[PDB]
Protein chains: 2
Amino acid sequence: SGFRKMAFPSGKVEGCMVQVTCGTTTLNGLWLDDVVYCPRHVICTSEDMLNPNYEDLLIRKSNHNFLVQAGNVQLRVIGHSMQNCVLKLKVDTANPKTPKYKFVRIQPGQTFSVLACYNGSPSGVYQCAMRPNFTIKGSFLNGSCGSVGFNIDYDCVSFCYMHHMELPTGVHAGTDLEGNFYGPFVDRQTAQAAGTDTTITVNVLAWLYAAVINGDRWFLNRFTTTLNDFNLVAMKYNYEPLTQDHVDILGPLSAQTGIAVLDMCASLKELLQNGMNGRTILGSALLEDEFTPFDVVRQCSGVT
Amino acid sequence: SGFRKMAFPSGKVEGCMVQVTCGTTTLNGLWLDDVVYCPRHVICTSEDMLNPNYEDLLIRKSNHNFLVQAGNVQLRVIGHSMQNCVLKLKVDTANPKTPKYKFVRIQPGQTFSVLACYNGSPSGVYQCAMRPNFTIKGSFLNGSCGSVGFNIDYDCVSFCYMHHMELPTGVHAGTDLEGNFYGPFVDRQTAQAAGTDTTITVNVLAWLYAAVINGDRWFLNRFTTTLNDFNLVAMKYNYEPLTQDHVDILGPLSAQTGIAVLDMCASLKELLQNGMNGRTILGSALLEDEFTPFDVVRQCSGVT
Ligand SMILES: COc1ccc(Cl)cc1CC(=O)Nc1cncc2ccccc12
Ligand SMILES: COc1ccc(Cl)cc1CC(=O)Nc1cncc2ccccc12
């Protein structure tokens, strides 16, 4: 028992982390096969970060300008291209440590592990979620650009996020591995509206199933609700509306505890309207929405 | 900015994880050099776990009885010994993936990363702390025994914890890598008093310095206190008494924010007496004690 904000093991992703320097700017790159993926803002100095013309800035650069270092060894760049907001630097060597990998675009509300990196060297791994408004609440500093978010299905690493920007609001913005920004963000030094964020209702419900599994049952009540009534409450408390698909996804956790999904919604409804009353659920004094139903089943079952 | 419950990267420790079978019991082992360290309860069946005579149970076992598997390859055990509550299985091969390592006994209140493992295969990594009462609040299931806690100083891995027992209270007990149990625990299936746990005051203060660094300043007040007055409050709220050594350790975070350590104690004193009032500090509705001052400086500076 016990419930931790567990991240996937980062070894497979550490073997791919390289440093990419371009001019005075240094950041992280991801080396898989004979290619190094990194944010395109590596070609920018501080002045032109206000409104950069990346097509124009990339034209004054040639393969010899992209200094890629895999730890201490220099990688020979034999090709370069811009795909959306990432630069693809083809290197003459394929990463001997390339794991089985996929590039996937996750849905808002999905979770992943992030391996923070500075100068192509890792510092830590933390589990986090893609907010409903496509931002991430990461822990990132200058030079963490190029740090990736990922998932691991047994041996395959599904790379879902490359880190790019820190919004003036302290939250982070990034892209999928094809250079597509999650959310409305652009790679410019301009204040950007992240939009209204909500609470991922299905994940909160999943975390309530993980509490019952792990002994915390105080919030369980003798009530039930409908999806209609629940959503009236969920809108007021700025929670994502619960759909029938969410209920079906919660099927396995509902079968493990024997607590119907609308019965769990009644517990959530009461907690939303009354608060925790100074009590904690899984050592937390707030409703946690960063554990999807798959994470709860995986952690409470033991998927390696 | 941002503050995450960040764990150290687990790659160096993944390369050491092996499966150890002995009879019907399978658990995890740590392969460093030509030795595999694992909990001694691997030699127990379910019946004799009530009160086992480990010296007697180890006598009916020989090197060929310890099935050690490094992924898919079988390791040849050429020697075995019991050191306190761990078994040291000498294997004819030295782990090609052995990192620079140390075996250290951490102080209560110190933090470390845990790589949970089932059948010598890792599943996740989470950051946690050694409670003042020598227990850990981990996320562990059956077969997670042998999962290790560790710290990483640039390239050296300081192994501090081997996981052994789950107390009936849902909290976890384990040993240092010399087989010495942290706390009063024994490796028997008997209910064990974990003792009164307190809040690690220095870590809460450190987390308050990490909040000010990351923008959360609502809890800052126009008051100050003395160590004497603070400790009167700390005892009532079951917090560890703050010593002059704790204050000196908080020196760097106090110099970074310009907020005296007794000025931060006044903020903590007021939060302890008034609660959070429905507000959050670093996305938490409770005072967090699982980040030491070294972790806060490391995360807010970027130590790789
Ligand atoms: C003005 O810098 C821009 C503008 C636009 C873009 Cl696309 C990228 C950057 C670089 C960036 O935001 N880096 C950082 C990402 N995370 C955290 C950071 C913490 C401190 C400083 C920079 C941090
Ligand atoms: C009765 O089992 C004993 C007694 C004494 C000792 Cl020394 C070791 C064990 C094995 C053990 O506690 N394993 C587990 C460690 N963490 C979490 C566990 C969750 C579920 C089941 C076992 C879990």
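All residue numbers here begin at 1 and follow the chain in the order shown.
Placed from the backbone N, Cα and C atoms, the Cβ positions cover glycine too.
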Annotated residue, ubiquitin cross-link, per Swiss-Prot; candidates B:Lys90, B:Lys236: B:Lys90
CB within-chain contacts under 8 A for B:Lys5 (ubiquitin cross-link), separation at least 6: B:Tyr126, B:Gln127, B:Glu290, B:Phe291
Recorded positions compared (B:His41, B:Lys90) - highest count of Cβ atoms within 10 Å: B:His41
Close-lying recorded positions around ligand 2 among B:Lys5, B:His41, B:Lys90, B:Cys145, where CB distance stays under 6 Å: B:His41, B:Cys145
Interface-adjacent recorded positions, chosen from B:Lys5, B:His41, B:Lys90 when a CB lies under 8 A of chain A: B:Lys5
Number of Cβ atoms other than its own within 10 Å, given for B:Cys145 (active site, nucleophile): 27
